[PDB]
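With TSV, C-alpha atoms and all ligand atoms inside, this is run29.tsv:
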```
chain	number	residue	atom	x	y	z
U	43	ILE	CA	-3.37	14.86	31.15
U	44	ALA	CA	0.36	15.60	31.40
U	45	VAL	CA	3.68	14.07	30.64
U	46	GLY	CA	4.79	12.18	33.74
U	47	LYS	CA	1.27	11.55	35.01
U	48	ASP	CA	-0.94	8.48	34.75
U	49	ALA	CA	-2.45	7.82	31.33
U	50	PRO	CA	-6.24	7.86	31.69
U	51	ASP	CA	-7.80	4.44	31.88
U	52	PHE	CA	-10.16	3.14	29.23
U	53	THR	CA	-12.28	0.11	28.42
U	54	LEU	CA	-13.13	-0.25	24.71
U	55	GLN	CA	-14.31	-2.87	22.21
U	56	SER	CA	-11.79	-3.61	19.45
U	57	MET	CA	-12.72	-3.90	15.76
U	58	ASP	CA	-12.44	-7.65	16.29
U	59	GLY	CA	-14.99	-7.60	19.13
U	60	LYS	CA	-12.70	-8.03	22.15
U	61	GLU	CA	-12.80	-5.83	25.23
U	62	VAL	CA	-9.49	-4.02	25.68
U	63	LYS	CA	-8.44	-2.01	28.74
U	64	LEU	CA	-5.34	0.10	29.15
U	65	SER	CA	-4.93	-1.77	32.46
U	66	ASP	CA	-4.58	-5.01	30.49
U	67	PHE	CA	-1.11	-3.67	29.58
U	68	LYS	CA	0.29	-2.98	33.03
U	69	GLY	CA	4.04	-3.34	32.91
U	70	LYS	CA	4.13	-2.99	29.12
U	71	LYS	CA	5.01	0.28	27.44
U	72	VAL	CA	2.20	1.33	25.11
U	73	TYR	CA	2.19	3.16	21.76
U	74	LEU	CA	-1.30	4.73	21.73
U	75	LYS	CA	-2.36	6.37	18.48
U	76	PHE	CA	-5.51	8.40	18.00
U	77	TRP	CA	-6.57	8.69	14.38
U	78	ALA	CA	-9.38	8.82	11.81
U	79	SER	CA	-9.96	7.27	8.39
U	80	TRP	CA	-10.73	10.72	6.92
U	81	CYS	CA	-7.36	12.13	7.96
U	82	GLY	CA	-4.70	11.96	5.18
U	83	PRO	CA	-1.61	11.93	7.40
U	84	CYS	CA	-3.32	9.23	9.60
U	85	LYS	CA	-3.81	6.91	6.65
U	86	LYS	CA	-0.34	7.65	5.37
U	87	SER	CA	1.18	6.70	8.73
U	88	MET	CA	-0.51	3.28	8.97
U	89	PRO	CA	1.82	1.10	6.80
U	90	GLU	CA	4.78	2.36	8.82
U	91	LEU	CA	2.93	1.35	12.02
U	92	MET	CA	2.44	-2.14	10.54
U	93	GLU	CA	6.23	-2.25	10.06
U	94	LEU	CA	6.61	-1.53	13.75
U	95	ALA	CA	4.03	-4.14	14.74
U	96	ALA	CA	5.92	-6.76	12.73
U	97	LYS	CA	9.16	-6.28	14.70
U	98	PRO	CA	9.77	-9.10	17.20
U	99	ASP	CA	10.70	-8.71	20.87
U	100	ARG	CA	9.24	-5.25	21.47
U	101	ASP	CA	8.73	-4.20	25.08
U	102	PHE	CA	5.79	-2.10	23.93
U	103	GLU	CA	2.28	-2.86	22.68
U	104	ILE	CA	0.61	-0.93	19.89
U	105	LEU	CA	-3.01	0.25	20.28
U	106	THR	CA	-4.88	2.64	18.05
U	107	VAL	CA	-8.18	4.40	18.69
U	108	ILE	CA	-10.86	5.75	16.33
U	109	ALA	CA	-14.23	7.29	17.14
U	110	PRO	CA	-16.57	5.36	14.85
U	111	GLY	CA	-19.42	7.41	13.37
U	112	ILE	CA	-18.25	10.51	15.17
U	113	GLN	CA	-17.57	13.77	13.36
U	114	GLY	CA	-17.36	12.08	9.98
U	115	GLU	CA	-15.68	8.80	10.87
U	116	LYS	CA	-17.02	5.67	9.21
U	117	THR	CA	-19.72	3.61	10.87
U	118	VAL	CA	-18.87	0.52	12.88
U	119	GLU	CA	-20.15	-1.55	9.94
U	120	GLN	CA	-18.21	0.29	7.26
U	121	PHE	CA	-14.89	0.83	9.03
U	122	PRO	CA	-13.55	-2.73	9.05
U	123	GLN	CA	-14.35	-3.20	5.36
U	124	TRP	CA	-12.48	0.00	4.51
U	125	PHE	CA	-9.54	-0.95	6.80
U	126	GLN	CA	-9.11	-4.31	5.09
U	127	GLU	CA	-9.38	-2.78	1.60
U	128	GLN	CA	-6.41	-0.52	2.35
U	129	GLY	CA	-4.35	-3.64	3.07
U	130	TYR	CA	-4.13	-2.74	6.75
U	131	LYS	CA	-3.84	-5.48	9.35
U	132	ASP	CA	-2.02	-6.56	12.52
U	133	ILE	CA	-2.90	-3.24	14.16
U	134	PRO	CA	-5.42	-3.12	17.02
U	135	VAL	CA	-8.19	-0.66	16.44
U	136	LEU	CA	-10.28	0.31	19.43
U	137	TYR	CA	-13.73	1.87	19.05
U	138	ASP	CA	-14.25	5.01	21.10
U	139	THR	CA	-18.02	4.91	20.54
U	140	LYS	CA	-18.68	7.64	23.12
U	141	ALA	CA	-15.69	9.82	22.24
U	142	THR	CA	-14.72	9.74	25.91
U	143	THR	CA	-11.23	8.40	25.35
U	144	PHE	CA	-10.52	11.11	22.77
U	145	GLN	CA	-11.89	13.55	25.34
U	146	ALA	CA	-9.90	12.05	28.21
U	147	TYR	CA	-6.65	12.33	26.23
U	148	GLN	CA	-7.51	15.91	25.14
U	149	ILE	CA	-7.04	15.22	21.48
U	150	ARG	CA	-6.77	18.49	19.48
U	151	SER	CA	-5.34	17.15	16.21
U	152	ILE	CA	-4.73	13.80	14.56
U	153	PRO	CA	-2.80	11.66	14.38
U	154	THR	CA	-1.58	12.05	17.98
U	155	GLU	CA	0.53	9.40	19.70
U	156	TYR	CA	0.99	8.92	23.44
U	157	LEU	CA	3.97	6.79	24.38
U	158	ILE	CA	3.11	5.39	27.78
U	159	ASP	CA	5.76	3.88	30.03
U	160	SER	CA	5.74	0.50	31.81
U	161	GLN	CA	4.41	2.19	34.93
U	162	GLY	CA	1.37	3.58	33.07
U	163	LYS	CA	2.65	7.18	32.95
U	164	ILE	CA	2.69	9.31	29.85
U	165	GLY	CA	6.33	9.33	28.71
U	166	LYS	CA	6.08	11.19	25.40
U	167	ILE	CA	3.44	12.86	23.27
U	168	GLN	CA	3.76	13.46	19.55
U	169	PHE	CA	1.46	15.66	17.44
U	170	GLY	CA	1.43	14.21	13.96
U	171	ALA	CA	3.13	10.98	12.95
U	172	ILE	CA	6.25	9.74	14.73
U	173	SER	CA	8.88	7.73	12.84
U	174	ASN	CA	9.46	4.17	13.99
U	175	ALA	CA	13.08	5.10	14.75
U	176	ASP	CA	11.97	7.99	16.95
U	177	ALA	CA	9.33	5.84	18.70
U	178	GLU	CA	11.81	3.03	19.41
U	179	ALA	CA	14.37	5.51	20.72
U	180	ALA	CA	11.69	7.12	22.92
U	181	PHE	CA	10.65	3.83	24.49
U	182	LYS	CA	14.30	3.13	25.32
U	183	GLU	CA	14.50	6.34	27.37
U	184	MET	CA	11.33	5.48	29.33
U	185	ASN	CA	10.88	3.27	32.36
V	201	LIG	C1	-13.39	16.23	7.53
V	201	LIG	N1	-14.49	16.02	8.40
V	201	LIG	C2	-15.33	17.19	8.49
V	201	LIG	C3	-15.08	14.85	9.02
V	201	LIG	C4	-13.48	15.91	9.47
V	201	LIG	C5	-13.30	17.19	10.30
V	201	LIG	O1	-14.41	17.49	11.11
V	201	LIG	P1	-14.46	18.88	11.89
V	201	LIG	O2	-15.86	19.25	12.24
V	201	LIG	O3	-14.09	20.02	10.97
V	201	LIG	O4	-13.50	18.85	13.16
V	201	LIG	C6	-13.89	18.17	14.34
V	201	LIG	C7	-13.22	16.78	14.39
V	201	LIG	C8	-12.41	16.59	15.68
V	201	LIG	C9	-12.82	15.33	16.41
V	201	LIG	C10	-12.11	14.03	16.17
V	201	LIG	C11	-12.51	12.87	16.86
V	201	LIG	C12	-13.63	12.92	17.83
V	201	LIG	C13	-14.29	14.12	18.06
V	201	LIG	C14	-13.86	15.37	17.31
```
Would you write the structure of this file as structure tokens?
Amino acid sequence: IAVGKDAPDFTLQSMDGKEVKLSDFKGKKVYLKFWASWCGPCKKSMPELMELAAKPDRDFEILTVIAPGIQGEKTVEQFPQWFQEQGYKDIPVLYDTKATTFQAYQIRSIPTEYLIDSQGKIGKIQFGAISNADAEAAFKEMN
């Protein structure tokens, strides 16, 4: 994994039971956030991400990834209940049930965001939360 190189492919079930592939988003920039329900700064960054999702006419898609049941994350049954109770919605959550997407993207800390360009290359990486302003600006400087 490296800035400027292809973002690793993945095929994951969403919280809502749909299969989602990075390749589904060819030609769209992607905001890809790895997080966990047990992580304070991850929770704290979610309402701001809902703000971003609510903005019309974005040339990027938002996708987030958790590893359900892994290293303390909530079970697949418990997670959606918790998510809804926080008031969270309109944010895709993909289930990395094998931890292989976290592994593929070499996650060391959370939250981590990969901002992937329209050509499927990693454009930016941010350790910790990124402001919506900074994310929007970043996507403007990417292909
Ligand atoms: C606070 N509790 C102990 C759950 C969270 C920290 O757990 P920990 O054992 O101290 O750190 C490893 C988690 C890193 C990770 C993330 C996602 C998938 C695979 C590995």
>> For ligand LIG 201 (chain V), return the neighbouring residues as a PyMOL selection string (distance at most 12 Å; all atoms listed in the file).
In response: chain U and resi 76-82+84+107-116+137-154
>> Just want the 9 Å neighbourhood of stretch 97-101 of chain U, counted on all atoms listed in the file, with same-chain residues fewer than 2 positions away dropped. Output as a ChimeraX atom specification.
In response: /U:70-72,92-95,103,160,178,181
>> Report, in Å with one decimal, the straight-line distance from atom CA of residue U:163 to atom CA of residue U:86.
In response: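 Result for atom CA of residue U:163 versus atom CA of residue U:86: 27.7 Å, one decimal.
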> Which of these, U:170, U:177, U:158, U:91, has the shortest distance to residue U:131 once you count only C-alpha atoms?
Replying inline: U:91
> From the list U:133, U:105, U:179, U:185, which residue is nearest residue U:162 when using only C-alpha atoms?
Replying inline: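 Between U:133, U:105, U:179, U:185, the residue approaching residue U:162 most closely is U:185.
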>> Ranking U:46, U:132, U:127, U:166 by minimum distance to residue U:96 and counting all atoms listed in the file, which one comes first?
In response: U:132
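Nearest to residue U:68 of all the residues U:182, U:125, U:159, U:135 is U:159, counting all atoms listed in the file.
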>> Just the number, please: distance in Å from atom CA of residue U:156 to atom CA of residue U:180, one decimal.
In response: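 Taking atom CA of residue U:156 and atom CA of residue U:180, their separation equals 10.9 Å.
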>> Quick check, in Å to one decimal: how far apart do atom CA of residue U:120 and atom CA of residue U:52 lie?
In response: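 A separation of 23.6 Å between them.
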> From the list U:136, U:44, U:164, U:118, which residue is nearest residue U:63 when using all atoms listed in the file?
Replying inline: U:136
> In terms of the shortest atom-to-atom distance over all atoms listed in the file, which of U:172, U:57, U:43, U:184 is closest to residue U:88?
Replying inline: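 So, comparing all the options, the nearest one is U:172.
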